[PDB]
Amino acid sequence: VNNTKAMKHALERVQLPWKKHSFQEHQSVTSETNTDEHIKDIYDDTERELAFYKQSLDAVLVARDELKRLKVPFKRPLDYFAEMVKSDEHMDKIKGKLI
């Protein structure tokens, strides 16, 4: 029932020391604003997805600027073919295309 002292100790035991190392270790970006404005109605679909979208895309531009500075290849090449999470037949059928 909100033992803040123990959750504080749990965080310190368990967190990795990210400041002593490079952004590539974690690739995580925390937003500055609460993503709580951008939503006038918690129960409107298109409103909250837009906020989610915004928070994520802001995190991606930040992440690309940092991985560029670190010389870590970023964008998936159009001609790099590795196993994807969905098949190409699945993608083509979802778009109603001829395979």
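All residue numbers are counted from 1 along the displayed sequence.
Annotation for 67 to 75 versus 34 to 42: the higher mean temperature factor (C-alpha) is found in 34 to 42. Averaged over CA atoms, B-factors in the entry run higher in 79 to 87 than in the other of 11 to 19 and 79 to 87. Within the selection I94, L98, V1, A6, the deposited Cα B-factor values reach their highest point at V1. Ranked by C-alpha B-factor against the other modelled residues of its chain, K54 falls in the middle third.
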